[PDB]
Every structure is written in C-alpha cells, then in structure tokens.
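A closer look at the structure
Chain residues, written in single-letter form:
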Amino acid sequence: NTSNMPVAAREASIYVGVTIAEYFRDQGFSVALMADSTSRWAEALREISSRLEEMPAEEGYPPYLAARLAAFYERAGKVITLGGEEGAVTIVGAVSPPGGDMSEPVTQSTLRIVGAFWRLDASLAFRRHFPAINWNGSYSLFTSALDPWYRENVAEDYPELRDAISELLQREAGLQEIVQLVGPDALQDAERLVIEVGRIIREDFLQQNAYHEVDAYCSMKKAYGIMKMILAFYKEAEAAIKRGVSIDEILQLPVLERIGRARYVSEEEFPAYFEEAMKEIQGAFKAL
Amino acid sequence: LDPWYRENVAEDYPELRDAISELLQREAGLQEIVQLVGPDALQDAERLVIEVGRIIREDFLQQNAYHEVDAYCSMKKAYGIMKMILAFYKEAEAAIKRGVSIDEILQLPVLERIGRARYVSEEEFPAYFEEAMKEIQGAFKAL
Amino acid sequence: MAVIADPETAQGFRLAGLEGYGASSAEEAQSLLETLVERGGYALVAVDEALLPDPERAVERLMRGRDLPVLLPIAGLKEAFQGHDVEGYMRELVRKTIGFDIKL
Amino acid sequence: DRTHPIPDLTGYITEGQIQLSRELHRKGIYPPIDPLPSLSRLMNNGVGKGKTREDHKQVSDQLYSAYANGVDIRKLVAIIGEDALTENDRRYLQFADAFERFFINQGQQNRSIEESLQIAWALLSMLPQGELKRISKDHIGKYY
Amino acid sequence: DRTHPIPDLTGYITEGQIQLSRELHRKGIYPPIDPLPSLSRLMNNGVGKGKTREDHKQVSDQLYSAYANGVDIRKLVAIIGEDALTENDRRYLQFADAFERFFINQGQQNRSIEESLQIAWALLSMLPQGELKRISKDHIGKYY
Amino acid sequence: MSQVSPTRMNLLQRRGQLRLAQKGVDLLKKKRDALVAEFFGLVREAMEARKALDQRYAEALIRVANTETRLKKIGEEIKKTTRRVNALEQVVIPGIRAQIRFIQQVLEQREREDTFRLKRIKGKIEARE
Ligand SMILES: Nc1ncnc2c1ncn2[C@@H]1O[C@H](COP(=O)(O)OP(=O)(O)O)[C@@H](O)[C@H]1O
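Here the residues of each chain are numbered from 1 in the order the sequence is written, which can differ from the numbering of the entry; residues without coordinates are not included. Lettering for chains starts from A, numbering for ligands starts from 1, and both go in the order in which the items are written. This view covers only part of a larger assembly, and the values given relate to that part. Hydrogens and waters are ignored; side-chain quantities use all the structure's heavy atoms. Residues with missing side-chain atoms are left out of burial classes, side-chain pairs and their counts.

- Method-wise, the PDB entry is recorded as coming from X-ray crystallography, at a reported resolution of 4.51 Å.

**Topic: the overall build of chain F**
- In this description a helix means any DSSP run of H or I spanning at least four residues, a strand means any run of E spanning at least two, and both kinds are numbered starting from the N terminus. A tally of regular secondary structure across chain F gives four helices and zero strands.
- Ordering the α and β elements of chain F from the N terminus gives α-α-α-α.
- In terms of C-alpha radius of gyration, chain F reaches 29 Å, well past the compact-globule figure of 14 Å for 129 residues.
- Seen through its C-alpha atoms, chain F measures out along the principal axes to roughly 105 × 20 × 15 Å. For this measure, only C-alpha atoms enter the radius of gyration; the expected value for a globule follows 2.2 Å times N^0.38, where N is the number of residues.

**Some remarks on the interface of chain A and chain D**
- Contact between two residues is taken to exist if any of their heavy atoms lie within 4.5 Å; hydrogens are not considered. Contact residues are listed per partner, giving six residues for chain A and six residues for chain D.
- The nonpolar class holds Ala, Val, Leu, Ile, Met, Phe, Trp, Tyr, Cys and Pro. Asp, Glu, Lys and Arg form the charged class, and all remaining residues, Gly among them, are polar. By residue class, the composition of the side of chain A that touches chain D is two nonpolar, three polar and one charged.

**Quick look at the sheet that holds strand β2 (residues 77-80) of chain A**
All names here are of chain A.
- Whether two strands pair depends on DSSP finding at least two bridges between them. Here we have three strands laid out as an open sheet, ordered β1-β3-β2, and mixed in their pairing. Two strands close off the open sheet at either side, each with one partner strand: β1 (30-37) and β2. Across the sheet, the mean angle separating the axes of adjacent strands is 15° when strand polarity is ignored.
- Looking at chain direction, β1 and strand β3 (residues 86-94) are connected through seven bridges and run parallel. Among the inter-strand pairings, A35 is bridged to a residue of β3, identified as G93. Here an angle of 0 to 180 degrees is reported between the N-to-C directions of two axes, which are lines fitted to C-alpha atoms, with helices fitted over the stretch in contact.

**Remarks on the sheet that holds strand β4 (residues 70-74) of chain C**
Residue and element names in this part refer to chain C.
- Spatially, β2-β1-β3-β4 is the arrangement adopted by the four strands of the open sheet, whose pairing is parallel. Where the open sheet ends on each side, the last strands, each with one partner, are β2 (20-22) and β4. With strand direction ignored, the average angle separating the axes of adjacent strands in the sheet is 20°.
- Bridge count for strand β3 (residues 44-48) against β4 is five bridges, and the pairing is parallel. Pairing of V45 across the sheet is with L71, part of β4.

**Here we look at the pairing of strand β1 (residues 2-5) of chain C**
Residues and elements named next belong to chain C.
- Sheet topology note: the β1/β3 ladder contains three bridges and is parallel. Looking at the pairing, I4 lines up with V47 of β3.
- Sheet topology places β1 next to β2; three bridges connect them, and they run parallel. The partner of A5 across the bridge, within β2, is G22.
- With strands facing away from the observer, any crossover in which the path from the first strand over the helix to the second runs clockwise is taken as right-handed. Tracing the backbone out of β1, into helix α1 (residues 7-15) and back to the parallel element β2 gives a crossover that is right-handed.

Encoded structure:
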C-alpha cells in the first residue's frame, strides 16, 4: 500500500488479505494476518469520503468508520471449516496515531475491538530494554483461557508464577511512585529487596534480545525455567532478609550475574541455577 | 443587615460575629501548625483559644435540626448564646493572664451548661453570664 | 572515648579509670580536640559544655578529616548547673522544630 | 478515563456504584473494587432492619475505615519498616490483608447478606474492640 | 487569569496600572495591590521637583525593590525556616510586612503625596542604610 | 504534548502528596518520643555532676558520668542530631508536594482547558463551512 496508490486500493487491501487469509484457514492452516497499518487505511478512506462530500466528524473522519473497522476484526477467529477440520486467522494490526496523541483514527477505535495490545514504549527502547513492550500498559484477554495448556504441557505452576511476577512488577510501580516523592533513603530492606528482584524480572525476563541468535526465540520450556529461577531467587531473597541478611550481601550474590545471562543460554543449565541459588544463600546463612 | 440587628436585637451583633469569626480564623491557623509540630509545645494562651474555638463550634455553629427546640433559634436567642460564649472567652483569657491553669477552666462547671444552652427555650441562657463570672471568681479565689 | 574537663574533674575521671584530659578555656580545649583527632584512636569525645560553647565551629576547625570522633558537649561551670539549662534548651528545641517561639 | 462523557453521565442514574480499578487488579486484589470510589449513592435506602440487618451500616462504615487505614499503613511500613510500626497500627495493617483475603476474595460463591456480615464481623475481631469507633456499643454486644 | 485576552489586551491602553490580588486580599492586606505588578507607564511624567518632590522616583524604586525582595524571602522562610534566615534578609522580610501594614493599608484617609513619601521614608528606616542601593546619597542626607 | 500527561500528572502530584503528608505526622509522633528521652537525659545530668564538685569519691564521679555521660551520650547527641534529624528532613519534603504542587496545577491549567479552545476550533472550520 504505497502513497501513489488510490485511497480505494489501500482501503480494499485489508479485505483482499483477510479473504486470502480465510482461504488458507479453510484448508486447515493457522494463518497470521499482519496489517501495517489501519491508521493509513482510515486516512485513505477519509480522503475518499471527503471527496464524496460525506459529512466530516471528529478529526474530519466519516461516521461510518467504527462499524467497518469492527466488521474487519470480526472476520478473525479459529473455526471448524466447511467439511470439518480446524483452521484460523490471527490478526495483528499496527496502530499509528497522527503523532503520540493516540486518539483517532487508528488507536482509539482499534483498542476497543482487539483483545490484545502490545505497547512498544519508546522510553523502554531508549533504555535498551528489548523487546520494548511495556509490561504495565499492555494487556491480553486470554490468560485463563490458555493457562491449562501451559499447566498440562509445560508446567503446573505457569499461572501462579506469572501472577506472582506481575504482583512483583505491580508493587515496584507503586514503590517507584512513592520514591519519586520522598526519595529512596527511607526505604526499608524489605522494600529494597522487592526493587532488586523487580529489576531482575525486568532485565532478565521482560527484556529479550531480538538480535541474539539464541534469545531471538524463547521456547515455552525455557520461559518457565527462567521464571522459576527468578521466583526462587525472590523467595530466597525475602527469606534471607527476614533472617537479617544484608540486602547488599544478596545484591552482589555471584549467581545474580548468571541469572542475568540466562536468556543467552540454550541449554537447561538454566534450572541448575536454582540449586546454585539455594547453596549460595546457604553460604550467606553460614556467614550470617 | 447589621443595622437591623443592632436596632431590633442587639447593639453588638456585628462586633460579636466578627470576634467569633476571628476566633474560628485563629483556630484554623493553629490547627494547621499543630498538624506539623504537634500540640505539646502549645502555650496556655493558644490552648485557651482552641478551647473556646471548640465551644463556638460545638455550642454555636452546630445546631440540631431534629430537636424540638434547637430546630429553630430565634434572633433573641442567637445573640444571647453568642454573648455567653464571648463572655466566657474574655474571662478565659483574663484568667490565663493571671496564671489560672487552663485545665482548671476546661473543667469549669458552667461549661457543661453552655454546651446544652442550645436546648434551653428560656432566657435562663443569659443568666449563664453571671454564673460564668462568679465561677471564674471561685477560680480567682483558689488562684 | 576521651573526656575533656576542668583539671580537677579530669583528674577524677582518670582515677576512675577513664581517659580524662584537663583544660581551662574554649581555645585550649579546641587544641586538645585537634591533638586527639590527629592522634587518632577515639570514637567519641565528651567535653564539658563550658569548654565547648560552639561545637559546630569546633568541628569546622579540626578539619581536614577523614573520619571524626562524635563530639559531645555535656553541662558545666560551677554556677552553670545551679541554673537549669534545661528549660531553655527545651524552648529552643521546640521552636527549632515546629517553628514557633512558644510561650513556656 | 472515568471522566469520559459516557461513564461520567451514567453516575446520576444509579443508586449504587461499584468502581473497578486496573491498578488494584494489577496488585492481585479481586474483585478490583476501589473502596474509596464505590458509593451507596443510594445504599442507605436498601439497608437496615427489615431490608438487610440493623448493624449493616455500622459494619460497612467500620470495615471501610479500617481498610483505608490499613492501606495507608502499607505506605508507612515502606517508609519506616515493619518493625517500627506500633502494635495498634500492625493490627490495622493486618486487617487490610484480612479484608482482601477473606471479604473481597470469593471462591465463586453466592453469599447472602447474612454470610457477608458474618465474614465482616469475623475479620473485625482482628481489631481491638476499643478501636471500633464507628460501631455503637449496642451492636458490639449483640453481634461481635 | 491576568493572561485572559481581555485584561491582557487592556494593559497597552494605560499610563498607570494598579493590579489587585486575591492572595494579598486573603492575607488581610487592603488595598490588595500587588506592589510588584502595579506600574506607571507614564509615572515619570507626573513626578519630581515642581510636581511631587525630587526624591519621589528614588523612594518608589527603593520601596518596590525592598518589597519584592521581602516577598521572595517569605518563600525562603518557608524553605529553610525563620531562624535560618540571615540578619540582613530578616530585615527585608520584616520590611514586606511593614509595607503591607503601613503603606498599602489605609484606614480610609486622603493622603497627600507628602504624607505618602513620609510613610515611605519611615518604613525604609527598617532597612540598613548601606542597603539602599536605589537612593542616591544626596536624598538619604536630605530626607532619611 | 497533550492528553495522556493529563492524568499521570497530577496523580504524581495528588497520590504522591497524600504520602509526603503522612511522613509529616509520622515525624511529630517521633517529636513527642524524642523530646521525652530529651529532658530526662537532661535529669541525672544536672545530677550527681556536681556530685563531682564537692568531690573513690573518684567515681561519685565516673560512676556519675559513666551514668550521667552514657545516658546523655545516647540520649543527649545520638537522640537528636538524629531526632531533630527525622522531623527537619521529611518536612522540606512536604515543601516537594507543596509549592511543586502549584507546579502540577499551572501545567494541568495550561491545557484540558487549552486542548478544548481547540477540539472545538477545527469543529468550527467545517463545523462553520
Ligand atoms: N526599561 C524599563 N525600565 C523601567 N520600567 C520599565 C522599563 N520597560 C518597561 N517598564 C515599565 O513597564 C511599563 C510598560 O512598558 P512598555 O514597553 O510600554 O510595554 P510593552 O511591552 O507592552 O510595550 C512602562 O511604562 C514602565 O512602567
């Protein structure tokens, strides 16, 4: 969908694609429909509408857009094709507001339809945290829908682990807001530990390197194993603090640097870090 | 409206309400500071102002719409209650200036009567002024 | 810890086993602080307040440092106790805090 | 955005509002009800003797007050440390967890108002009886 | 809002502006004139020898400067505390109160320019003579 | 910018000063804790010190200030450059939330009202056409 092409063609492009997508799912294939983007499709449509003298509304967009855009996304889904067999069309649509405003067209109407939103965050990117997906502003509507697949095929504690990590990240967010006011000097050891582990979650888990030959893809089996290394370090961290272990002693714990490079390991040598973590804390229970 | 009150109810209506409002104004400022440095450093003079400020709020500002009597407070009753409160104030500040413990004034017997004055439907209320003065004298006696 | 006091008292702290050093003026005493500070081993120096009427300026002068002895003025002379330098230390400490020269 | 014209104009049409908050949901508190933005804009018209039970308003007031204090104390714990909290404040801190664990959380389950008041009184026992400022003595003797 | 287009466009049409402030009125200072936002666009054309008095511009300049410094010091007092203010700053702090109590406040009363300059010199005495940067020595000797 | 600045702005502001307030009451509690270990220190001090004056009897002396000196040691200066600490601190801190609060509301002033002279101008172009 180039600029020299009529607004008409770009408008029809998502419909031509979705139809081709539905065609392949009919065979019993799972197809992905990636739409660069609908902001530009709504601008091409607004050009056609204004030329037809249809009444402009908000940002001069025609009234008809919301029902249409919704109708598009409704054609997505996993079905039982004609003559049995299952196939599906998953849609990933790009959102490009006129400029950060994140209102109309694109964003506003889209975020109301779609069930999932992965918010690339320019500040997360500048900070070199990849993928640059904001774990606080992104959302999905399927956690409970897919938890049993993970529990049965990958790990029995998938849901409990992600809920626990999210509560960690949630707590960090609240703590950082307060610190923004009263500074970090008054922070108790318990709160410093939560920030320490919260930071490890962000750097060792949330951040992924798309450019690394290994971390470019993280198999399900590897995802849970890294999660349990982090969550196990958390429990041990809170347990050590409760026994008056200096947080400074935990912060420079040797295993931490290994946990930081775990995303780069392509072998289960990663779950070995759990035992390496426990003994190391014991060496910290020894020195007291 | 001050002249209507001065001519028909009481010559000191405006001066009395200005004085009560200055009391309430001072209380507001004091409470802001206490919110910071606590109430332990408070001088007797400042504790007296809070004591009388509180009596104004509880005995005057607050009115019971559900009580058969206090549901309506006639003009004549409003000024008489004001003068009992303002007279207790002057006497309070006068007693403190003569080293009377504020704790002694805070538990002064007339205070409980001043607190139920809004419930009295008879001028027995202005009698509280003389009852206040003699009681302070009994506090000037004991020193 | 060292103690800096008038010579008679300083002598008495010594007989009790403590490390008392004798001085008779604000300046003499600051000198004593500086020798102790340079000499190095003390974590705390308790000084008769008559001999340390300005302990912030006192720190100020000792320097350069390097990790300092806590410096603790403790009350004197003889007639300075037979006041109560408590009532007014308290007037200052509450004003100090809340801001309010309260009528005590 | 609760100030968007749609949700904002809807408030006037209600007798009770239950406001859910993403922040609360992200802390794992479900149901994710904002206890300081949910109102019986008309609650008092549907409670008490002959409707629910005579102690309903008092219990609701006390739970709301104790939960709000408990939530603020979570901030104070972060400021000073858990061990520096007073014994009385520790009880309010703990009450906030009890309110969330037992009253807010339901294992999907149809609680009668009698069941809900019972849980409310059970958690209230965690607080000193001398600290139940919003429950008249008549209700403490009859229901505590 | 003094930046609203109406009041903002009116400023150019004036030779003297007297700006009143709610904040000042709430401190009980009347008339509630902002001494650092009231100007004489044409003031210099109506003052001096043969009009008011030769020291009028110098006195006006010094009072304006001292009042502006005194008002900023009210902010500094809030930041550091009253006791941490220098002796010199304390004088400017006090001058701002004196300016408000005695110069701004009039008990309704028709002050001649001679009366107004006299009050001005009386309050100026609160400041160190060495701190009167905007009054030439000729005027200090003759009028102080 | 525009919208979004809108609400995180002032809850940095509002939620973030609700808890600066709350460190304020915290420290006047410390106020009352600190000042009461303040005078008593004071007490024995004044105390057998001059028990030292009229002065074996060597300890009516260091016995004296082993008690005397220790007590007011902890209390006397540990007890407050750290007391006068606690509270001298957290208040230039409700200074943060304070004038800096003026900050968020000239900020917020500036545009849910400015952003509006505007949703409405553009209406106005072919709203008027
Ligand atoms: N250089 C200056 N020195 C002293 N006062 C000045 C000066 N410039 C402006 N002012 C004050 O501001 C008033 C308005 O200034 P002016 O230049 O006319 O405003 P504008 O920016 O609207 O053109 C002047 O009459 C005077 O009182």
